[PDB]
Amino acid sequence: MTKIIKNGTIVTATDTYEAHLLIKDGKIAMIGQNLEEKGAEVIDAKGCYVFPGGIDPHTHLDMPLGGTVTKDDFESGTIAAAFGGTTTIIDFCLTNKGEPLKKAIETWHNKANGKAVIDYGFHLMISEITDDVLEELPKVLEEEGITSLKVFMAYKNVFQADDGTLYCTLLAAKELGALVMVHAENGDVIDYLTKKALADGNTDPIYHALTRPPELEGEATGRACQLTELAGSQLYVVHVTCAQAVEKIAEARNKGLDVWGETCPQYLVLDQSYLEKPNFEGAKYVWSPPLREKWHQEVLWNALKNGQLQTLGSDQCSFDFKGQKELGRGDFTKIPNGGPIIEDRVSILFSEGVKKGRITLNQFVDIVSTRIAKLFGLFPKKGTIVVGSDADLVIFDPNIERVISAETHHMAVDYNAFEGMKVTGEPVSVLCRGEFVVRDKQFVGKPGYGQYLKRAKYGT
């Protein structure tokens, strides 16, 4: 059923113009001004921007971190993201050793199946390279568009992998045509620090941060790079936090190495102090890598501005401060890591970035949608507003001033890391593939509408 979004200001990763969009088969049929066609529902976007739906490449929805599981599942999370201006997510499908990869992949397909309000895809976790694994990978690429393999350098005895596993993954990746993602923190050192902290009675939420200094993020990020170099493949460092890390990634890209960096709003806006703010409130901000000192934020922004860092992810991993977060009272190491971010990701960048001088209206769209779609083989189906691309759009209001509050967010968590934060700009209507998911700040989608996405081989 044809639609026409008129009088809006279109803003792609490159262009900024005024025109109307004629949506047809759930795709953009044509762009121009004063469009008309009997029967079109004609949506009015006056005084609004029309962005390509956002893409969150860093999602953890039905993921289990402890005896508990994320408060937000694939259903709530999808809706949240939908309100936040995000219309496509790529969640991390976790893997267990010895167990066949297609096992996990189906487990995840079930988690998402019929509950997604918007489209999604997966990243495959890798904790070991077995002959059995090597045999599946190629299949995992063709059947199941999983073209991005992930690796934890931290989280000893839980996700961590030795450099040998990382290295062979990089090769396999280069060979098969996949992008290696990496959680760059020196697990082995963080481990001793963690143990000693506890051994000395330091259990408060803040020791979560002090127990893992930025030096260890930088160090890890470096190895990932050096190895990626040796292997001659491609790297994508997730959630770049400290300056040290930004630096390593900068050097890499200078050498022509195919390395990419990503960050998350929480690291751009919040900081280490929030972990001290008080009683047990700290736990609300416990996630890895830990929030750093306020000063790193600049470095991140500049990196974003000049290109050292090129994508923004949420690292969405919700846990009620109530039941969940409290699991680690007299033990910080027992606080489930993760924050409720999938919803305010886009907004915050526009507000803190665009609206304040950092980033450009175009850089914005690139950092939150396009660049990502490209790196993860979703372009041009996703990531842009052009004839042929899916009608994943966001009718955004750039002037509405508001305050982020858990009293308003649509995530199933009992709190919001950006509570009380004033923000300029807000999504008004968000549609995925020609169909509204959120019209006039009101939900109108249906769980199951979202469909899985097989992704390009890191090629066209």
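The first residue of the shown sequence is 1; numbering continues from there.
The stretch 23-31 shows the higher mean C-alpha B-factor when 23-31 is compared against 424-432 in the entry. Look at the C-alpha B-factors of 124-132 and of 312-320. On average they run higher in 124-132. Residues shown: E247, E276, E262, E215. Highest C-alpha temperature factor in the entry: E276. Within the listed group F280, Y236, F364, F376, the record reports its top CA B-factor for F280. Per the PDB record, residue ranking by Cα B-factor puts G222 in the lowest third of the chain. The entry lists a Cα temperature factor for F83 that places it in the middle third of the chain's modelled residues. When the modelled residues of the chain are ordered by C-alpha B-factor, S351 sits in the lowest third. When the modelled residues of the chain are ordered by their C-alpha B factor, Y167 lands in the lowest third. Among the modelled residues of the chain, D91 sits in the middle third by CA temperature factor in this PDB entry.
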